[PDB]
Amino acid sequence: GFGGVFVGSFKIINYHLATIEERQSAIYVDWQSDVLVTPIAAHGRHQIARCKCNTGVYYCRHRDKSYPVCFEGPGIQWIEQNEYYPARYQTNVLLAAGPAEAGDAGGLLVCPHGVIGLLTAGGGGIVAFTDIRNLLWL
Amino acid sequence: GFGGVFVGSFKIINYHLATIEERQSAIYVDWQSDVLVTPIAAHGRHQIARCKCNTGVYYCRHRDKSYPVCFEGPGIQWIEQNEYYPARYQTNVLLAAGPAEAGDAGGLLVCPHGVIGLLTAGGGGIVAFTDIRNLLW
Ligand SMILES: [Zn+2]
Ligand SMILES: [Zn+2]
């Protein structure tokens, strides 16, 4: 439930966690929503949820535990935790209450329909995800 | 968020929602846990969780809504009377608190590691799934 989404031969990861090579091969990139889609050699079978679920379960890494959360629908939110990014509005942000700290970014938030998003930032009982439900042919 | 679990080149479905063709072709069947596994032509969509999670999110079809659950872990449980499977014990049961009515069978219960089980029964404030995390080798 960590790393990123492996939908076939394309990897979805946070913009702030991508490598130089991934940036060189990237097909979709969004600094505002902190997302990057690039072709990779590690083929996978993850699926993107083409749904409207507002409830899900996400993997927290510094606890190695899965936490269910009801989260607020995707929208523009003011975020200053990821000091990689300065205090700014991010787009496609899902906010919820739950454990999250440095290094948890990239963990999977999923619902029965598939992957909803990727953990972006978190601190002090608040966890944030980037909503990927409109990526790779929404 | 309903119907089978399509993994690799197999479909994993409820025993009582299985068709004749897939019952005859199945490489695995277990009536006591309500499970059937058969090769499927369709390409993979899902992954089987190989975890010890006691928490997940399941899809209730009669409300078209996902709900989060904490379940006790696989075990043997008494299942009350049902249309296809009358009152009896069922094996590899996960039990949780949530809505459930007739026809909700086949809903997916999932976690970040993949699909954990399928809804098999439910009434009052209790819902019960079949654990599929043991279909290895
Ligand atoms: Zn969903
Ligand atoms: Zn799990």
| message | Just to be sure before I move on: is B:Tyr58 assigned by CATH to the domain that holds B:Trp137, within 16 Å of ligand 1 (Cβ to nearest atom) and within 15 Å of the chain's Cα centre (by Cα) in the structure I sent? | response | yes
Out of (1) more than 16 Å from ligand 1 (Cβ to nearest atom); (2) within 14 Å of another protein chain (Cβ to nearest Cβ); (3) assigned to a loop (DSSP other than H, G, I, E, B); (4) not aromatic (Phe, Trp, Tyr), the one B:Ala96 does not meet is (3)
When region A:99-121 is checked residue by residue, the ones that are surrounded by fewer than 24 Cβ atoms within 10 Å (Cβ to Cβ) and more than 11 Å from chain B (Cβ to nearest Cβ) are A:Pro99, A:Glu101, A:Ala102, A:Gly103, A:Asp104, A:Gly106
Inside region A:39-61, the number of residues satisfying the requirement of being exposed (fewer than 12 other Cβ atoms within 10 Å of the Cβ) and in a strand (DSSP E or B) is 3
Going through region B:62-93 in order, the residues found to be within 16 Å of ligand 1 (Cβ to nearest atom) and in a strand (DSSP E or B) are B:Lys65, B:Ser66, B:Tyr67, B:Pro68, B:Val69
I'd like to check something: does region B:44-61 contain any residue that is under 23 Å from B:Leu136 (Cα atoms), of a type outside the set (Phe, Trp, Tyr) and without any contact (Cβ under 8 Å) to a residue 24 or more places away in the chain? yes
Expected single match for of a type in the set (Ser, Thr, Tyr) and within 29 Å of A:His43 (Cα to Cα) among B:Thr19, B:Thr38 is B:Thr38
Over region A:31-75, the set of residues away from every other protein chain (no Cβ under 14 Å) and in contact with a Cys (Cβ under 9 Å, 6 or more places away or on another chain) is none
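The values are calculated or read from the model by the stated rules, or taken from the named source; no laboratory instrument gave them. Cβ: placed from backbone, ideal geometry, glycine included. Neighbour counts: every protein chain shown.
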